Amino acid sequence: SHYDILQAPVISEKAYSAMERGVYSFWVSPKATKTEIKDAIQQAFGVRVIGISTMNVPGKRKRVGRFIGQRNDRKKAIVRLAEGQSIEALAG
Amino acid sequence: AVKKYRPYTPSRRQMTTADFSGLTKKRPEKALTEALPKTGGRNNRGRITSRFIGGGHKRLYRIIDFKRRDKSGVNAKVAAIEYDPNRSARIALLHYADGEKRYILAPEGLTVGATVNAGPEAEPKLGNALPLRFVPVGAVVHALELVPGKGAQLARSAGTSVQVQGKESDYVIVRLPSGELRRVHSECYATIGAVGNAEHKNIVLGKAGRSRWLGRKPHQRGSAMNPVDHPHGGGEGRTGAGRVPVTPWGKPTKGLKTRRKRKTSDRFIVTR
Amino acid sequence: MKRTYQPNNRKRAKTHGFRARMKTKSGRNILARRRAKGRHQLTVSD
RNA sequence: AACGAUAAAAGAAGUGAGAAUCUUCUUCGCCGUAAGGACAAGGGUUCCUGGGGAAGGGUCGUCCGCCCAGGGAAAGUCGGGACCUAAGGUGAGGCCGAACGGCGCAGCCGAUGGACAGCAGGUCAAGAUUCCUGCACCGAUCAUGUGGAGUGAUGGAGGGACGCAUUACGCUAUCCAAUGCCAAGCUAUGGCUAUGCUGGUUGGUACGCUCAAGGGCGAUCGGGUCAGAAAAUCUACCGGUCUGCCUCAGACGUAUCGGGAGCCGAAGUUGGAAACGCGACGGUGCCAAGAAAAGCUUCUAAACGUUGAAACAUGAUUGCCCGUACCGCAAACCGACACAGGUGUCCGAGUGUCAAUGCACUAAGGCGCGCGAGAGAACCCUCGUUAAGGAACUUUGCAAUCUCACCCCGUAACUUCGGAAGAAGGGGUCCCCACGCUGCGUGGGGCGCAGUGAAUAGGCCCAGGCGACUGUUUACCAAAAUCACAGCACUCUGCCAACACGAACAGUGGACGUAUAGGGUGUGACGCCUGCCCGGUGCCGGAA
RNA sequence: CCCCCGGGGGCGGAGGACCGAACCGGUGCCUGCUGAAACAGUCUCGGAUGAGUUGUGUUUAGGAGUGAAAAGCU
Ligand SMILES: [Ca+2]
Ligand SMILES: [Mg+2]
Ligand SMILES: [Mg+2]
Ligand SMILES: [Mg+2]
Ligand SMILES: [Mg+2]
Ligand SMILES: [Mg+2]
Ligand SMILES: [Mg+2]
Ligand SMILES: [Mg+2]
Ligand SMILES: [Mg+2]
Ligand SMILES: [Mg+2]
Ligand SMILES: [Mg+2]
Ligand SMILES: [Mg+2]
Ligand SMILES: [Mg+2]
Ligand SMILES: [Mg+2]
Ligand SMILES: [Mg+2]
Ligand SMILES: [Mg+2]
Ligand SMILES: [Mg+2]
Ligand SMILES: [Mg+2]
Ligand SMILES: [Mg+2]
Ligand SMILES: [Mg+2]
Ligand SMILES: [Mg+2]
Ligand SMILES: [Mg+2]
Ligand SMILES: [Mg+2]
Ligand SMILES: [Mg+2]
Ligand SMILES: [Mg+2]
Ligand SMILES: [Mg+2]
Ligand SMILES: [Mg+2]
Ligand SMILES: [Mg+2]
Ligand SMILES: [Mg+2]
Ligand SMILES: [Mg+2]
Ligand SMILES: [Mg+2]
Ligand SMILES: [Mg+2]
Ligand SMILES: [Mg+2]
Ligand SMILES: [Mg+2]
Ligand SMILES: [Mg+2]
Ligand SMILES: [Mg+2]
Ligand SMILES: [Mg+2]
Ligand SMILES: [Mg+2]
Ligand SMILES: [Mg+2]
Ligand SMILES: [Mg+2]
Ligand SMILES: [Mg+2]
Ligand SMILES: [Mg+2]
Ligand SMILES: [Mg+2]
Ligand SMILES: [Mg+2]
Ligand SMILES: [Mg+2]
Ligand SMILES: [Mg+2]
Ligand SMILES: [Mg+2]
Ligand SMILES: [Mg+2]
Ligand SMILES: [Mg+2]
Ligand SMILES: [Mg+2]
Ligand SMILES: [Mg+2]
Ligand SMILES: [Mg+2]
Ligand SMILES: [Mg+2]
Ligand SMILES: [Mg+2]
Ligand SMILES: [Mg+2]
Ligand SMILES: [Mg+2]
Ligand SMILES: [Mg+2]
Ligand SMILES: [Mg+2]
Ligand SMILES: [Mg+2]
Ligand SMILES: [Mg+2]
Ligand SMILES: [Mg+2]
Ligand SMILES: [Mg+2]
Ligand SMILES: [Mg+2]
Ligand SMILES: [Mg+2]
Ligand SMILES: [Mg+2]
Ligand SMILES: [Mg+2]
Ligand SMILES: [Mg+2]
Ligand SMILES: [Mg+2]
Ligand SMILES: [Mg+2]
Ligand SMILES: [Mg+2]
Ligand SMILES: [Mg+2]
Ligand SMILES: [Mg+2]
Ligand SMILES: [Mg+2]
Ligand SMILES: [Mg+2]
Ligand SMILES: [Mg+2]
Ligand SMILES: [Mg+2]
Ligand SMILES: [Mg+2]
Ligand SMILES: [Mg+2]
Ligand SMILES: [Mg+2]
Ligand SMILES: [Mg+2]
Ligand SMILES: [Mg+2]
Ligand SMILES: [Mg+2]
Ligand SMILES: [Mg+2]
Ligand SMILES: [Mg+2]
Ligand SMILES: [Mg+2]
Ligand code: NA
Numbered sequence: 002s003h004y005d006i007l008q009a010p011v012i013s014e015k016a017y018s019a020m021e022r023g024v025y026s027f028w029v030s031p032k033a034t035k036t037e038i039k040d041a042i043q044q045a046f047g048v049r050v051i052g053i054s055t056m057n058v059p060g061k062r063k064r065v066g067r068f069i070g071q072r073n074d075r076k077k078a079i080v081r082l083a084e085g086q087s088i089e090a091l092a093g
Numbered sequence: 002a003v004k005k006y007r008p009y010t011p012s013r014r015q016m017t018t019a020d021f022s023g024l025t026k027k028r029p030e031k032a033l034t035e036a037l038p039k040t041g042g043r044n045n046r047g048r049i050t051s052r053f054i055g056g057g058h059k060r061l062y063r064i065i066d067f068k069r070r071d072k073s074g075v076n077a078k079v080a081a082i083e084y085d086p087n088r089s090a091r092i093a094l095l096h097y098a099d100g101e102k103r104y105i106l107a108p109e110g111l112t113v114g115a116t117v118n119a120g121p122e123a124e125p126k127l128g129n130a131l132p133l134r135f136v137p138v139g140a141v142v143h144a145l146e147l148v149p150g151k152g153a154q155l156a157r158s159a160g161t162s163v164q165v166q167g168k169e170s171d172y173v174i175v176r177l178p179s180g181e182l183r184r185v186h187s188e189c190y191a192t193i194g195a196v197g198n199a200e201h202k203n204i205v206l207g208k209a210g211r212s213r214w215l216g217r218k219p220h221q222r223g224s225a226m227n228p229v230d231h232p233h234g235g236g237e238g239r240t241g242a243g244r245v246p247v248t249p250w251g252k253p254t255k256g257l258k259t260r261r262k263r264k265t266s267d268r269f270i271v272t273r
Numbered sequence: 001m002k003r004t005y006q007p008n009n010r011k012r013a014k015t016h017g018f019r020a021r022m023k024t025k026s027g028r029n030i031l032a033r034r035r036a037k038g039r040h041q042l043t044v045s046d
């Protein structure tokens, strides 16, 4: 259910500095909405969510082998928690 | 009166325009506006039918009562007499006792505040809804049914009149504006007097596209066209040879009526 | 020098689209005729 | 041959195998109602970072909008959807039709329009009414309390709801001056010692017995059934009934959060100008007579209650979907191109010049147009001046001069009494001082070949043909005497009109028009006028 | 509309009115003619509150549409 809505954490120098603000950034399945994405984050990590934002992101159009390539297509979501700002501590 | 102008532009000397001083300067009643501008620019299934209909200026429709029958026996008071860009033949707002408001065509010689009365026994005063059977012989009237209920085809435009002649079993004779004489059933309503704006005719449009403000686009002659386009096609210079319309026929003297019923109801002679 | 092709995403898909080919027989002929060519373009909808 | 606008470039320094071309510094020249900035269409990672150097780049290339990889794109309040309707498209039933199909009421879709709650700042390498900080607003659910009862519809009413030109008052944005304030330092060249120079000189919110143009509004008791389907305590009609209330644009003060030149934080004055923006739906005039629907306000119908109401106060909780990077008058859109073309809207400072988005020079900003270097032949293109002459050139004064802006004086035939007319012609134009008036005027003086000192800115007149006139045409050899045009005329057409589209006893257009109207034809403002021939053909009647 | 007796003055602000930028257009010459461009450039010129220009959305088509009319555009 909730486990496989969440995709994989963003790994970005910008996203990791936000890690220090209590802000957490990770990709999700694009067809999901904010309401379910929030209850997914907080069913999974046990923490109140007070701020969501989301954004569809096109797949880059890479080309291998001189066969023109395609997109990939994602939906990064950024989330701010309550003052109980822990996750799994797994930040680095 | 109608306005005339000094020749300060090459136009505008010949140009003329109607006098509006008798028209009350009010917004038309909101319930009767109907809107329905939506001008059908001569086009049918996208395809031109009444050729030479251009755009012109925007218009709203003023619903106008024509049958006038349903409010039989109630008095009316003439409020504003007012402009209308559809009829080009001024209309007249009026209020009924019981408060319903409906427009009516303005008779020549009718002032604001006048009484108006409708029904069968009503007296032949100006602007009443009288069925023909009670109309005095020789009176002039306008706004005339062809069949009782849903009628007002006869005499509707500026200055038009219907001069009742003799009477029969239930049919009355009348003189239409075109000079035809015609029968009409005696329970058809009429409106006493000729139409108002009695002299629309002597307005002078003045410049081209005074017509365009009226929405009538430039009207091409055949002889300027090509044999492809119209029968009066080209050939070096200018002429005739046959004298025919767009699609062919006569159009100087070629009687175009069909051979039908109700020609027996048009039984008195007709120039037309 | 205004030119013949002035792109418009609503024009391109309103005429020419998959939804519009199905509205009539003659266009559904255009579909099954191209599907038989095995094309992939099929319509303008990619 | 060309290397894609004649808007120039120079030196130093750096990086590198390699440099006219990449980076830096300092100058120079070019745009500046743009060649600066913000959006919409459209494009689709072109964006930022780190690398690269095949090909793409009109040369080179260490560079690039090229290639590789990694990141970047955040919304209850902005734009769209979960709201509404226009043309148009659909469309159960319904109307038609060899088939496929064609029409069509309600209803539905459909933004180019209506409705609707946030402003100020900060800032990633790359996002900002989105993230952050400060402080608001909007709907919904619940709770505490006041209230302690009426809510009040797929239906009615009001209202939303609308033109064009011109224009009174007040104001802000915003711009100017200064011996106002504040900050920083220096000065040389001959002088100034600051009264010089340079720079900055307030945004949002909350509260005012503060100043304030302007703008909106009449208001109830009752009668009638025949009006709004019935209802109705709401509307409409009709009759009785007596300047004042509301609103703040914006300014001012106090406070507070910001910003602020600068070396953390200074000042925030007086005088002037001023919008198409705001007050606003103002005023006036005009004819060609200027959308609809929901939201919104008001009424009952039904139903639910009338000792757990509508509504208000605080607190809490809640806030979906899509778009958002970059290009975006162009190297990223359309033109096969990194093309002298084309592309809708908004903002677009200063000085001078009646005005101005004009002209010149310039701010901020952005560029020198992706081959260079020399030579100074013929010829070719875009320009400067030209002796004496002045159209002798030539098909033609074609081309190119001339004239040119504002103020003053003065202006003909002819005329539809408006006009011809900027007729033609002649004069003024700068600087100082004094004097009068509201930058002018009167005078006196001064310099130059010359004072709209440079840039923008009519050559004129006489006489004909044609068309009256503004306007319209052959996208790409014809702009005209062609077309249309107001005005005129013939004829047709009685209303399911004539006529026209149509497979159609369908449906439409004419037209929600009705003979002072509609169709067809030909003439073509205005003035004086429009003659003879009905045998032939056409047409209207007669019909032995 | 207001004064003096159709005239003059006050005022008002009409117009297919005038000059002129944007904008729309294409007058004449030159250039360009394996173009910068499959119709343009510089100069010059016409309209510039109207029969005006323009953006979205949409309707009309092959003997057919549309056409201020060239057999022009599709
Ligand atoms: Ca000489
Ligand atoms: Mg948020
Ligand atoms: Mg007069
Ligand atoms: Mg036709
Ligand atoms: Mg005509
Ligand atoms: Mg011809
Ligand atoms: Mg023929
Ligand atoms: Mg002929
Ligand atoms: Mg010909
Ligand atoms: Mg001849
Ligand atoms: Mg025809
Ligand atoms: Mg698609
Ligand atoms: Mg595909
Ligand atoms: Mg060249
Ligand atoms: Mg250099
Ligand atoms: Mg070295
Ligand atoms: Mg090499
Ligand atoms: Mg260069
Ligand atoms: Mg460079
Ligand atoms: Mg250096
Ligand atoms: Mg720009
Ligand atoms: Mg886009
Ligand atoms: Mg995008
Ligand atoms: Mg880049
Ligand atoms: Mg870089
Ligand atoms: Mg790079
Ligand atoms: Mg290379
Ligand atoms: Mg390679
Ligand atoms: Mg190369
Ligand atoms: Mg979003
Ligand atoms: Mg917020
Ligand atoms: Mg919205
Ligand atoms: Mg709808
Ligand atoms: Mg419909
Ligand atoms: Mg249909
Ligand atoms: Mg819209
Ligand atoms: Mg809003
Ligand atoms: Mg930074
Ligand atoms: Mg950026
Ligand atoms: Mg911001
Ligand atoms: Mg003002
Ligand atoms: Mg000074
Ligand atoms: Mg200063
Ligand atoms: Mg009530
Ligand atoms: Mg102050
Ligand atoms: Mg509705
Ligand atoms: Mg942006
Ligand atoms: Mg270009
Ligand atoms: Mg343009
Ligand atoms: Mg300006
Ligand atoms: Mg300026
Ligand atoms: Mg100026
Ligand atoms: Mg300029
Ligand atoms: Mg640029
Ligand atoms: Mg030379
Ligand atoms: Mg030259
Ligand atoms: Mg000399
Ligand atoms: Mg001479
Ligand atoms: Mg000779
Ligand atoms: Mg000669
Ligand atoms: Mg000649
Ligand atoms: Mg010449
Ligand atoms: Mg005379
Ligand atoms: Mg005179
Ligand atoms: Mg002349
Ligand atoms: Mg001298
Ligand atoms: Mg002199
Ligand atoms: Mg000069
Ligand atoms: Mg001759
Ligand atoms: Mg002419
Ligand atoms: Mg041509
Ligand atoms: Mg064309
Ligand atoms: Mg030409
Ligand atoms: Mg029928
Ligand atoms: Mg009909
Ligand atoms: Mg003629
Ligand atoms: Mg004759
Ligand atoms: Mg005056
Ligand atoms: Mg004009
Ligand atoms: Mg003149
Ligand atoms: Mg042009
Ligand atoms: Mg043209
Ligand atoms: Mg001229
Ligand atoms: Mg003119
Ligand atoms: Mg034919
Ligand atoms: Na010094």
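Chains as they are written, first to last, in PDB author numbering: chain Q, 2 to 93; chain A, 2 to 273; chain 2, 1 to 46. Ideal placement from N, C-alpha and C gives every residue a C-beta, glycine not left out.
1) Based on Cα-Cα distance, which residue from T55 (chain Q), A41 (chain Q) and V65 (chain Q) lies nearest to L7 (chain Q)?
2) Please list the terminal residues of the continuous alpha helix (DSSP H) segment that includes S18 (chain Q).
3) Should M20 (chain Q) be labelled buried (16 or more other beta-carbon atoms within 10 Å of its own) or exposed?
4) Is the Cβ-Cβ distance between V75 (chain A) and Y104 (chain A) less than 8 Å?
5) Starting from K37 (chain 2), follow the alpha helix (DSSP H) in both directions and report where the run begins and ends.
6) For ligand 10, is there any heavy atom lying closer than 7 Å to the beta carbon of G238 (chain A)?
7) Is DSSP giving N73 (chain Q) helix, strand or coil here?
8) Would you mind stating whether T50 (chain A) and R60 (chain A) have Cβ atoms separated by less than 8 Å?
9) Would you list the residues sitting across from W28 (chain Q) in a DSSP beta bridge?
10) When a residue counts only if its C-beta is closer than 7 Å to some heavy atom of ligand 2, which residues count, in chain order?
11) Determine whether the beta carbon atoms of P31 (chain Q) and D74 (chain Q) lie at a separation below 8 Å.
12) Going by the CB atoms, is the gap between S89 (chain A) and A159 (chain A) shorter than 8 Å?
13) Is there contact here, the stretch 77-92 of chain Q with the stretch 17-30 of chain A, by at least three beta-carbon pairs under 8 Å?
14) How many whole angstroms separate the CB atoms of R70 (chain A) and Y172 (chain A), which I take to be in contact at a CB cut-off of 8 Å?
15) On the premise that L145 (chain A) lies in contact with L155 (chain A), defined as a C-beta separation below 8 Å, what is that separation, rounded to the nearest angstrom?
16) Could you pull the DSSP bridge partners for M16 (chain A) from this structure?
17) Quick one: what does DSSP say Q164 (chain A) is sitting in, helix, strand or coil?
18) Apply the 10 Å Cβ neighbour rule to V65 (chain Q) and answer buried if 16 or more other Cβ atoms are within range, or exposed otherwise.
19) In this structure, how does DSSP classify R213 (chain A) when only helix, strand and coil are distinguished?
20) Alpha helix (DSSP H) containing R69 (chain A): first to last residue?
21) Determine the closest residue to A2 (chain A) out of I204 (chain A), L182 (chain A) and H186 (chain A), with distance taken between C-alpha atoms.
22) Per DSSP, which one or two residues make a beta bridge with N44 (chain A)?
23) Quick check: the stretch 190-199 of chain A against the stretch 120-134 of chain A, are at least 3 beta-carbon pairs closer than 8 Å?
24) Can you list, in chain order, the residues of its chain whose CB lies under 6 Å from that of residue 1 (chain A), leaving out five sequence neighbours each side?
25) What does DSSP give as the partner residue(s) for residue 1 (chain A) in the beta ladder?
26) Would you kindly check if the distance between the Cβ of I38 (chain Q) and the Cβ of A83 (chain Q) is under 8 Å?
27) Can you name the start and end residues of the alpha helix (DSSP H) that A13 (chain 2) belongs to?
28) Can you list, in chain order, the residues of its chain with a C-beta nearer than 7 Å to that of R52 (chain A)? Leave out the 5 residues immediately preceding and following it.
Based on what the coordinates show:
1) To locate residue 7 (chain Q), count along the first sequence from 1; it is residue 6. Selected option, being the one with the closest Cα: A41 (chain Q).
2) In the first sequence, counting from the first residue as 1, residue 18 (chain Q) sits at position 17. That run of the alpha helix (DSSP H) goes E14 to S18.
3) Position 19 of the first sequence, counting from 1, holds the residue named residue 20 (chain Q). Note on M20 (chain Q): 16 or more other CB atoms within 10 angstroms of its CB, so buried under the neighbour-count rule.
4) To locate residue 75 (chain A), count along the second sequence from 1; it is residue 74. To locate residue 104 (chain A), count along the second sequence from 1; it is residue 103. In this structure, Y104 (chain A) does not lie closer than 8 Å to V75 (chain A) by Cβ.
5) Indexing the third sequence from 1 puts residue 37 (chain 2) at position 37. For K37 (chain 2), the enclosing alpha helix (DSSP H) stretches over residues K25 to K37.
6) By 1-based counting over the second sequence, the position of residue 238 (chain A) is 237. Within the cutoff, so yes.
7) Position 72 of the first sequence, counting from 1, holds the residue named residue 73 (chain Q). Here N73 (chain Q) sits in coil by DSSP.
8) What you label residue 50 (chain A) is simply residue 49 of the second sequence in a count that begins at 1. What you label residue 60 (chain A) is simply residue 59 of the second sequence in a count that begins at 1. Contact: no.
9) Here residue 28 (chain Q) refers to the residue found at position 27 of the first sequence. DSSP lists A9 (chain Q) and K77 (chain Q) as the beta-bridge partner residues of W28 (chain Q).
10) By the rule of a C-beta closer than 7 Å to any heavy atom of ligand 2, the residues picked out are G52 (chain Q), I53 (chain Q) and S54 (chain Q).
11) Counting from one through the first sequence, the residue named residue 31 (chain Q) turns up at place 30. Counting from one through the first sequence, the residue named residue 74 (chain Q) turns up at place 73. With contacts defined by Cβ atoms closer than 8 Å, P31 (chain Q) and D74 (chain Q) form a contacting pair.
12) The count along the second sequence starts at 1 and reaches residue 159 (chain A) at position 158. The count along the second sequence starts at 1 and reaches residue 89 (chain A) at position 88. For the 8 Å CB-CB criterion, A159 (chain A) and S89 (chain A) form a contact.
13) No, the stretch 77-92 of chain Q does not touch the stretch 17-30 of chain A.
14) Within the second sequence, numbered from 1, the residue matching residue 70 (chain A) stands at position 69. Within the second sequence, numbered from 1, the residue matching residue 172 (chain A) stands at position 171. Going by Cβ atoms, the distance from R70 (chain A) to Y172 (chain A) rounds to 19 Å, so no, they are not a contact pair.
15) For the purposes of this step, residue 155 (chain A) is identified with residue 154 of the second sequence, where counting begins at 1. For the purposes of this step, residue 145 (chain A) is identified with residue 144 of the second sequence, where counting begins at 1. Rounded, the Cβ-Cβ distance is 4 Å, consistent with contact.
16) Counted from its first residue, the second sequence places residue 16 (chain A) at position 15. None; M16 (chain A) has no bridge partner.
17) The count along the second sequence starts at 1 and reaches residue 164 (chain A) at position 163. If DSSP states are grouped into helix, strand and coil, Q164 (chain A) belongs with the strands.
18) If you number the first sequence from 1, residue 65 (chain Q) lands on position 64. So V65 (chain Q) counts as exposed.
19) Locating residue 213 (chain A) in the second sequence gives position 212, counting from the first residue. Correct three-state label for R213 (chain A): helix.
20) Mapped onto the second sequence, residue 69 (chain A) falls at position 68. Note, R69 (chain A): premise wrong, no alpha helix (DSSP H); not H, not E.
21) In the second sequence, residue 2 (chain A) corresponds to position 1, counting from 1. Per the C-alpha coordinates, the member of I204 (chain A), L182 (chain A) and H186 (chain A) positioned closest to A2 (chain A) is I204 (chain A).
22) As a working mapping, residue 44 (chain A) is identified with position 43 in the second sequence. Bridge partners of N44 (chain A) according to DSSP: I49 (chain A).
23) These segments touch.
24) Because chain A here runs from 2 to 273, residue 1 (chain A) falls outside it and cannot be looked at.
25) Coverage of chain A is limited to positions 2 through 273, which leaves residue 1 (chain A) absent and any answer about it impossible.
26) Working through the first sequence from its first residue, we reach residue 83 (chain Q) at position 82. Working through the first sequence from its first residue, we reach residue 38 (chain Q) at position 37. Result no, Cβ atoms of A83 (chain Q) and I38 (chain Q) do not sit closer than 8 Å.
27) Here the question's residue 13 (chain 2) lines up with position 13 in the third sequence. The continuous alpha helix (DSSP H) containing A13 (chain 2) extends over residues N9 to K14.
28) By one-based count along the second sequence, residue 52 (chain A) stands at place 51. The residues are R43.
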